[PDB]
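Asks: Pasting a structure here, questions to come.
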Amino acid sequence: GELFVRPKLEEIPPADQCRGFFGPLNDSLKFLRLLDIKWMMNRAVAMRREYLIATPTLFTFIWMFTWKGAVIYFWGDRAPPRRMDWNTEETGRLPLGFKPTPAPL
Amino acid sequence: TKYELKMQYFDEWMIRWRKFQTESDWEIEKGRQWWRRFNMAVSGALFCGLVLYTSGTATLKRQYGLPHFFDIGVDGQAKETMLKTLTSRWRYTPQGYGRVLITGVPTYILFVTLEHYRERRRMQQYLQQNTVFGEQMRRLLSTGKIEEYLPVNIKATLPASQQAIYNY
Amino acid sequence: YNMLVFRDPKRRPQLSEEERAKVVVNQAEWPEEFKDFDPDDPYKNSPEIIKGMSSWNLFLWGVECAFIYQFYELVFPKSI
Amino acid sequence: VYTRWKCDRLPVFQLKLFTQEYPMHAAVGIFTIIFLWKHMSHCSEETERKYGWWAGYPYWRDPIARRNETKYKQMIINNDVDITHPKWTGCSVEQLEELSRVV
Amino acid sequence: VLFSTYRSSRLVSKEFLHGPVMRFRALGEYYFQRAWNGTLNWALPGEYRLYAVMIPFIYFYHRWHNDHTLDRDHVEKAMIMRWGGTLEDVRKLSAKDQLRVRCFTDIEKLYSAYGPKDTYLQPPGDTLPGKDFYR
Amino acid sequence: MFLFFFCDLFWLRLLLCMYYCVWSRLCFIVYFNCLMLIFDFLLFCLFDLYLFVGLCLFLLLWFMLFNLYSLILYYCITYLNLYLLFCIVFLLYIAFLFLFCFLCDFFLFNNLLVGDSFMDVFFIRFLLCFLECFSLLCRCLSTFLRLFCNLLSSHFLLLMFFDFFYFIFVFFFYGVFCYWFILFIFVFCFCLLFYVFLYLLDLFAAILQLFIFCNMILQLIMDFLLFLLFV
Amino acid sequence: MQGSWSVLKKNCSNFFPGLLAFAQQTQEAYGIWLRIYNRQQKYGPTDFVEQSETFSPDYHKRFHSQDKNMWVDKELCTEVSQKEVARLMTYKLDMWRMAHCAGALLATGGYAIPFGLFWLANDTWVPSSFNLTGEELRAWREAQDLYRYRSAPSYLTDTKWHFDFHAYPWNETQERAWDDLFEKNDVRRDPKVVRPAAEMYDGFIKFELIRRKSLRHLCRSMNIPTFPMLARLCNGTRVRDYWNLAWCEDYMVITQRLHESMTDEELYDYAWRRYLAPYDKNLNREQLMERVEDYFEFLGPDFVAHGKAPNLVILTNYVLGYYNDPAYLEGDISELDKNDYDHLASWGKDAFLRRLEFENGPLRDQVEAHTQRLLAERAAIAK
Amino acid sequence: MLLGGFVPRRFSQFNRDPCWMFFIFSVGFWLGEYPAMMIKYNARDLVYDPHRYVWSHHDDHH
Amino acid sequence: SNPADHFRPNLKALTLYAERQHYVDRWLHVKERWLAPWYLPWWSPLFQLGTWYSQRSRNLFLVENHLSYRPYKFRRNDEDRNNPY
Amino acid sequence: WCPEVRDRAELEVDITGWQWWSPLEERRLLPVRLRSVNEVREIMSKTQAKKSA
Ligand SMILES: CCCCCCCCCCCCCCCCCC(=O)OC[C@H](COP(=O)([O-])OCC(O)COP(=O)([O-])OC[C@@H](COC(=O)CCCCCCCCCCCCCCCCC)OC(=O)CCCCCCCCCCCCCCCCC)OC(=O)CCCCCCCCCCCCCCCCC
Ligand SMILES: CCCCCCCCCCCCCCCCCC(=O)OC[C@H](COP(=O)([O-])OCC(O)COP(=O)([O-])OC[C@@H](COC(=O)CCCCCCCCCCCCCCCCC)OC(=O)CCCCCCCCCCCCCCCCC)OC(=O)CCCCCCCCCCCCCCCCC
Ligand SMILES: CCCCCCCCCCCCCCCCCC(=O)OC[C@H](COP(=O)([O-])OCC(O)COP(=O)([O-])OC[C@@H](COC(=O)CCCCCCCCCCCCCCCCC)OC(=O)CCCCCCCCCCCCCCCCC)OC(=O)CCCCCCCCCCCCCCCCC
Ligand SMILES: CCCCCCCCCCCCCCCCCC(=O)OC[C@H](COP(=O)([O-])OCC(O)COP(=O)([O-])OC[C@@H](COC(=O)CCCCCCCCCCCCCCCCC)OC(=O)CCCCCCCCCCCCCCCCC)OC(=O)CCCCCCCCCCCCCCCCC
Ligand SMILES: CCCCCCCCCCCCCCCCCC(=O)OC[C@H](COP(=O)([O-])OCC(O)COP(=O)([O-])OC[C@@H](COC(=O)CCCCCCCCCCCCCCCCC)OC(=O)CCCCCCCCCCCCCCCCC)OC(=O)CCCCCCCCCCCCCCCCC
Ligand SMILES: CCCCCCCCCCCCCCCCCC(=O)OC[C@H](COP(=O)([O-])OCC(O)COP(=O)([O-])OC[C@@H](COC(=O)CCCCCCCCCCCCCCCCC)OC(=O)CCCCCCCCCCCCCCCCC)OC(=O)CCCCCCCCCCCCCCCCC
Ligand SMILES: CCCCCCCCCCCCO[C@@H]1O[C@H](CO)[C@@H](O[C@H]2O[C@H](CO)[C@@H](O)[C@H](O)[C@H]2O)[C@H](O)[C@H]1O
């Protein structure tokens, strides 16, 4: 809609103010910020870096709507059957008495 | 030497006669896939390193400067370390076609060379195989033509319940 | 007027009433095609493209063509 | 003065139009064409019989069988294929002769 | 150097086939190049006579094609299936018999879904041949 | 399998060659909004917002040559297939979308995350972003589906009504000479009225559907356009 | 210019000498550029050396900024002379075209040979070093000028149409400057009248916001190869570098008044590199001096005072306006006595045409009066 | 766009322009084919095919 | 049914059939013929464009180990849901 | 025989300038017209006064 202006360094709230799934991950819990997805989302929104949430989604949709959708449909592996036809590992070997051609030299 | 032109026929024939694919050939192809992924990873690492080296000083300051998304403390330390390491010495920071060439040509050369030599390696591996696929590869390199229906001509091994066709 | 969806265009007047009233009409200078000109039937005196060829004659010609198209096989049938 | 549409010939204008005016559209179209010819370019005989004929499949002459017969005859004659080989028949030539004498 | 990329590189003289081309342009321009011939996106002109002439011609040639090339296939299938299942069996009939059969097919086409169903459903007790007549 | 066929436009191509060997002005356009995107003066866009004009005009011409002329009996809509229309709309929509994405401006997608900071990010805003990303593709699919279904239904209805009219006209016109002629006359008048109404409705609906088909693409383009102000 | 067999023979004969001369020029220009780059890195402003980022306000796409990423080395005369700068610029053009050709060769292996034959048949994209005589050099310059004529009008029209359709000037002086900026070369444009257009367009579009199509047209008009164009920040960088060198040389000449002492051929080349003086115009020293002085005046006092040139888009338009020749008009006026629709005379007029002629002809007033009177009578009778 | 052109006031004027002459010929064909079908397909001597129950499109498409 | 049959192309002229194996092999022969000459080094972008993607796809096909059965692409009958063969 | 108009139109269209209306330029140029004699007298008087001062 309207033009977007990146926030200044002084307009960005501190990391400690961000909230996670349950509560802020302040001192003694900072390393949990890496694992909390909601805390990261809230931090990105606070830092005006909302694209980090939106860009991966849309692209993913495109990737499914364009290339992976048909790949799955035409080449995807369906559910296995109850009675499975495993490989006996007997096919392929040359017969006894066969004289293979020499390798290049 | 151009191994791809010879190997394309062999790959198509194997796909057509994949039934006689021994576990050894399957392992060979899995190793080829793994080496392709490894080559992609190393080429991407080289491209990222070249991009970072040629990046502008202000661009590096913006990327590896405040604010910190997590602000844990390790993030800031690592960013400051990398920024100091990059900005200490003088770096050739071209723009436009020059950066494109510098970042891409080495990456393309590395990836292509690795893939070509891995293709040669796979050709050698299939040559050393003692299966019907190896015999087909050797015959292809000898006569220059792909001999289809070879497995049934030389009576390659079949499951005990499917040997009736060979009964002649 | 209209003929199905085709409407006859009408020229908008350009003269005012005062100026119009001062105009002297002399149909002697008008072409013979347009005399006693009527906006509701301007082509009443228009010449025929072909002398003696009426619209009904063409309509009947088309009807006869349809009758031929539908009845010729009845008189001169052909095998598959 | 110079204008692409008025001065250049038709092939040149086509290349310019689809390279510097609508290149992404051309790329997408080529991608879609490749997909269509890679996944939507086959028709089984049963499908042809069901829907492949305007008024219905004329079973009274079976043109599909004639078409395949001509195909296989041409392939055999041109490629010099011995259809009596054991792999095609599953039995030796002598067994084939014995069967012929039997039946 | 081999071929020119410019339309200015002429291959013929300016007077080549001038007369026929002028006649063709006269045909094109007389009815179309008029103020009242305002097209809608180049497809729908403003001249009534263009519609009046083109609609009948389009319908005529489309109908001729449909009658002599498309519906003919259905008619031939009906004749073959109902009278032996083979082309020679149909040809064994006379032209008048074929005419009768084809006109019955036209009757069936006209009835479609709005007509009696005895034309294809055999009422019980009917003495006419059934589906297994030729089997 | 390779099928060789031809479109049903050869006569129309001939007419185009005959009547457009000389220049003519165009003043009436089905979708005029592709030319006037900006209505407030001093607003300008650095993006090639006028790139869609040529494609719009060509698509209008093609679809009008096909659909409008299809009302004529036995005229064939050669392109009337679901997946073919899907391919066309895929081409256009995805080409414009990839034009926006190749710009490599991620901030352009900030508006996908609906709502304000007050709303919960994970349980409200993220779900809304998911729904909108899905809604883009749904808009493409809806465009192509609508274009297909409108034509299919209209022509089915026309064929059925024409068959009924043929049946009654041929096999019940003798009632004019009979004592129940009034009923037949009433039915015939109703059939004529329905014929005229259906033709008018189809004529209008074809043009309107083309307008909507172009407007969906233009809306896709406009959703990602940003206008600067002159100073 | 179209290819020809004579030019093909010329370039084939001079192929290897041309390559050798190009290599020698490459060594010399590498030395010159090494000097210039060392001076820029040592004495350049912090923003210029660090390559400060300037992003667009709509899509935040980085592009060179005229104020920050362009710097005029006022003291470059100590290390590098004007002639060396001109040599570097010429070599930059030749090296760009040679690099594109070499890239094509490397990409396509031995399949570029017929394309090389097409290339050598035309002087548009061959280096200047391939000409070993005056006549060959004149033909090469003619080809370059032809390409400039072919390309510039499109760029000028793009700029003017976009601005006029999406914006209007603020004041009368800006209106006059804008209108006089895009006049044909047959008339002389006053730089003082035209300068305010630079600020107006800075208000509209700066060099940092230049669109990719306009950039392509400009690069075509500057004899800069455009295929593969790629992102707009590559040819944009080329343009920035070329105009930065040109501005440094211009400051040197203005300060030292070298153009007055400059000889006729060198002056013509100096104007040509600024896209001011086509060779096909056969200009004399007076006209060249007038154009050069007008260019310096357009740069303005601020250029000498602080090294700040006016908006680069407007500067490029102004200089390329000399290649915007008047639209051609050939044929005696007597040709206007002919008729164009004689072939229709045989068709005559139909009923509708006769009606229109009768109603709208010289008798139109009488017909209108009669029709209106009849309609009024009928309406009165109806009531 | 239906802006203008010759417009006959009534039937008798359709002969004042070649295009409308062709139009009225076509209309005559169109309207006169129906009576022809009435006469042909409601004829006394018209007989249904005896083998009509041997085969029909309904069994084929089913 | 009959009304549905009116939505078919009306100008079908000829139909040609060709096996995937045959024309794929012919295309491979043409590609080898054009990529064989010495003046096109294997490291050229053109050669890699020609060969690498095809090699990658074929390798992916060979490496495939699916627990389900994929019916033959070019069977005689693919309309029976209860008969993959 | 009016080459300037031709060239401008062709160039505008070839650069994606399809639109045929220019309200802003017309607004800038619509009120332009040759002056009357009295207006010329007033303008000349203004110029003479300016030159004098
Ligand atoms: C700029 C464009 C903008 C506009 C976009 C417009 C379009 C819209 C966008 C969306 C896309 C629409 C789709 C359109 C069609 C395009 C074509 C398509 O879809 O093809 C897919 C198509 C899918 O394949 P397929 O044909 O379906 O076959 C499937 C098989 O898997 C194929 O088998 P294969 O043999 O080919 O192998 C493929 C392989 C591909 O991958 C590989 O080959 C290996 C990896 C490659 C890496 C490449 C380099 C990355 C950077 C390296 C490091 C740099 C930094 C160095 C310095 C470090 C200092 C410390 O992938 C895999 O198989 C998966 C392997 C994953 C292993 C995971 C192991 C577990 C550990 C690691 C993960 C977990 C970590 C947790 C950490 C937790 C920490 C707390 O092709 C592929 O994806 C594979 C081939 C191409 C690979 C390209 C690799 C590079 C990708 C780009 C990376 C950089 C850009 C992204 C980041 C940007 C940030 C700003
Ligand atoms: C036959 C050959 C076939 C070749 C195929 C390969 C592709 C084509 C090759 C190249 C073709 C020539 C043209 C290329 C484009 C040129 C663009 C251009 O003009 O750039 C000018 C520009 C120079 O201008 P500048 O002013 O110096 O700097 C630009 C400004 O910063 C600009 O400032 P700004 O304001 O615009 O700043 C923004 C700028 C900032 O970016 C830059 O400009 C910086 C440079 C790029 C950085 C990219 C790396 C970012 C970090 C990646 C981290 C990945 C971690 C993954 C970890 C995985 C762990 C498991 O852009 C971005 O933010 C874009 C970031 C990239 C986003 C990528 C999104 C991908 C989505 C994927 C969706 C899913 C895919 C399918 C599924 C896959 C997975 C299953 O050039 C560059 O900066 C770099 C150019 C590099 C060119 C490409 C080199 C190609 C090398 C190929 C090697 C491999 C060959 C394989 C052959 C195979 C057999 C045939
Ligand atoms: C084995 C049996 C034979 C067949 C072999 C086939 C081999 C196939 C190989 C495998 C292919 C696989 C893929 C196939 C995919 C097909 C897809 C498809 O059909 O899509 C529908 C789609 C339908 O498109 P559309 O919307 O209908 O428009 C296309 C039209 O062509 C109209 O579009 P347009 O009007 O925009 O086109 C531009 C048009 C612009 O307008 C014009 O130029 C007007 C003329 C139009 C001509 C084209 C229309 C053809 C109409 C039907 C045929 C006309 C009569 C032929 C009579 C044959 C009698 C037996 O200009 C032209 O067409 C340029 C050519 C003009 C030729 C003029 C020749 C003059 C000769 C004068 C000689 C005088 C000698 C005097 C000697 C005096 C001595 C004293 O088809 C296409 O888009 C084209 C598909 C073609 C694919 C490539 C096929 C390979 C090439 C085969 C050539 C065979 C030549 C040998 C035949 C010998 C006789 C038997
Ligand atoms: C064998 C493998 C082959 C691989 C496949 C290759 C396929 C072909 C692709 C093209 C490859 C390059 C072709 C040769 C170009 C000539 C050299 C050059 O760069 O000229 C300078 C010139 C630089 O242009 P610029 O705009 O002035 O640069 C702005 C910078 O700010 C400039 O910075 P500045 O302002 O500070 O000024 C610096 C200037 C100051 O210097 C001067 O002024 C003195 C003159 C220096 C340049 C002289 C150039 C002479 C060119 C003609 C040569 C003779 C031709 C003879 C032909 C006939 C032979 C019979 O010096 C420079 O020009 C230095 C530029 C930076 C170096 C670029 C080279 C990097 C690659 C080479 C190293 C590779 C290492 C591999 C390691 C492997 C590890 C595993 O190059 C160009 O004109 C650009 C290339 C134009 C064609 C582009 C085509 C698309 C390219 C896409 C590539 C994507 C990645 C690759 C994958 C592709 C997949 C599709
Ligand atoms: C020994 C030498 C020294 C060593 C080597 C040194 C290095 C040399 C190489 C580098 C040279 C660079 C400079 C080159 C300059 C000249 C370029 C050029 O061509 O200029 C036009 C040049 C004339 O130039 P000019 O007269 O000087 O005018 C120049 C002006 O300034 C006009 O200028 P302009 O700017 O207006 O012209 C530009 C025009 C240039 O174009 C043209 O002018 C068109 C040229 C062709 C026109 C053909 C017309 C005739 C057609 C005939 C058809 C057949 C007829 C029937 C034949 C029957 C035979 C029996 O347009 C373009 O630039 C368009 C560019 C398009 C790029 C395409 C990129 C596609 C990318 C694909 C998408 C990828 C997306 C990413 C996907 C990523 C996926 C992961 O054209 C010609 O000479 C025409 C030649 C026609 C030859 C005959 C027809 C073709 C024969 C084919 C035979 C095939 C045999 C095998 C068949 C096998 C079948 C199985
Ligand atoms: C009525 C019907 C008539 C017939 C119609 C025929 C049917 C056509 C149907 C389809 C037509 C549309 C197709 C569109 C596709 C999509 C295009 C697209 O997305 O483009 C985006 C985009 C648009 O391009 P742009 O740079 O923005 O501007 C394009 C304008 O045209 C630039 O214009 P400008 O004015 O700005 O610049 C003018 C001038 C400016 O002057 C210069 O730039 C100086 C001279 C530069 C020379 C070239 C330097 C190249 C440097 C390296 C490039 C990267 C290489 C990558 C690695 C190699 C990959 C193969 O440049 C030129 O004069 C260029 C001359 C090029 C001549 C060649 C044109 C093609 C003719 C056919 C030859 C090939 C036939 C193969 C098939 C037959 C085989 C038997 O493309 C690129 O970024 C270009 C990438 C180029 C990569 C290399 C080519 C890849 C394609 C495969 C090549 C296969 C070669 C096979 C050799 C033989 C094997 C046996
Ligand atoms: C510029 C870089 C140059 C590198 C040169 C070589 C460096 C030295 C060898 C590197 C290590 C190679 O060792 C590599 O190990 C992996 C397992 O981890 C093996 O891979 C094997 O097991 C993995 C397990 O996931 C399977 O997916 C794969 O199919 C199978 O082949 C490779 O077959 C072997 O080659």
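Chains as they are written, first to last, in PDB author numbering: chain k, 20 to 124; chain j, 2 to 169; chain p, 26 to 105; chain i, 2 to 104; chain f, 2 to 136; chain a, 1 to 231; chain e, 1 to 383; chain r, 1 to 62; chain q, 14 to 98; chain d, 266 to 318. Idealized CB from N, CA, C, for every residue including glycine.
Pick helix, strand or coil for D49/r, following the three-state DSSP scheme.
Replies: In the eighth sequence, the residue the question calls residue 49/r occupies position 49. In this structure, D49/r counts as coil in the three-state DSSP scheme.
Asks: Of all the CB atoms in chain r, is at least one closer than 8 Å to the CB of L3/f?
Replies: Against the fifth sequence, residue 3/f aligns to sequence position 2. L3/f does not count as touching chain r.
Asks: Are there 16 or more other CB atoms within 10 angstroms of the CB of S310/d, so buried, or fewer, so exposed?
Replies: Here residue 310/d corresponds to residue number 45 of the tenth sequence, with the count starting at 1. The residue in question, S310/d, is exposed, as its Cβ has fewer than 16 Cβ neighbours within 10 Å.
Asks: Quick one: which residues of the stretch 138 to 171 of chain a get their C-beta closer than 9 Å to a C-beta of chain r? List them in chain order.
Replies: Taken in chain order, the members of the stretch 138 to 171 of chain a whose beta-carbon sits within less than 9 Å of a beta-carbon on chain r are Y166, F169, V170, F171.
Asks: Just to confirm, does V43/j get its C-beta within under 7 Å of one of the non-hydrogen atoms of ligand 7?
Replies: Your numbering for residue 43/j matches position 42 in the second sequence. The answer is yes for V43/j.
Asks: Along chain i, which residues have their Cβ under 9 Å away from the Cβ of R285/e?
Replies: Numbered from its first residue, the seventh sequence carries residue 285/e at position 285. In chain order: nothing, as chain i lies at least about 30 Å away.
Asks: Which of the three DSSP states, helix, strand or coil, is assigned to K25/q?
Replies: The residue you call residue 25/q lines up with position 12 of the ninth sequence. DSSP, read as helix, strand or coil, puts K25/q in strand.
Asks: Could you tell me which chain q residues have their CB closer than 8 Å to the CB of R37/j, listed as they occur along the chain?
Replies: Taking the first residue of the second sequence as 1, we reach residue 37/j at position 36. The answer, in chain order, is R69, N72.
Asks: Count the C-beta pairs between the stretch 56 to 76 of chain q and the stretch 25 to 39 of chain j that are closer than 8 Å, then say yes if the count reaches three, no if not.
Replies: Taking 8 Å as the limit for Cβ pairs, the verdict is that the stretch 25 to 39 of chain j does touch the stretch 56 to 76 of chain q.
Asks: According to the Cβ coordinates, are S44/j and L151/j closer than 8 Å?
Replies: To locate residue 44/j, count along the second sequence from 1; it is residue 43. To locate residue 151/j, count along the second sequence from 1; it is residue 150. Taking 8 Å as the Cβ cut-off, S44/j and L151/j do not qualify as a contacting pair.
Asks: By DSSP, does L61/j sit in helix, in strand, or in coil?
Replies: Counted from its first residue, the second sequence places residue 61/j at position 60. Note: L61/j maps to helix in three-state DSSP.
Asks: Taking 8 Å as the threshold (C-beta atoms), are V2/f and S4/e in contact?
Replies: By 1-based counting over the seventh sequence, the position of residue 4/e is 4. By 1-based counting over the fifth sequence, the position of residue 2/f is 1. Against a cut-off of 8 Å, the Cβ pair of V2/f and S4/e comes out as a contact.
Asks: Closer than 8 Å is the cut-off here; do at least three beta carbon pairs connect the stretch 107 to 119 of chain f with the stretch 164 to 175 of chain a?
Replies: yes
Asks: If I'm right that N223/e touches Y147/e with Cβ under 8 Å, what's the distance once you round it to whole angstroms?
Replies: Within the seventh sequence, residue 223/e is the residue found at index 223, counting from 1. Within the seventh sequence, residue 147/e is the residue found at index 147, counting from 1. That belief holds up - the Cβ atoms of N223/e and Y147/e are roughly 6 Å apart, short of 8 Å.
Asks: Between the alpha carbons of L209/e and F109/a, how many angstroms are there, rounded?
Replies: The sequence position of residue 209/e within the seventh sequence is 209, counting from 1. The sequence position of residue 109/a within the sixth sequence is 109, counting from 1. Their backbone Cα atoms lie some 21 Å apart in a straight line.
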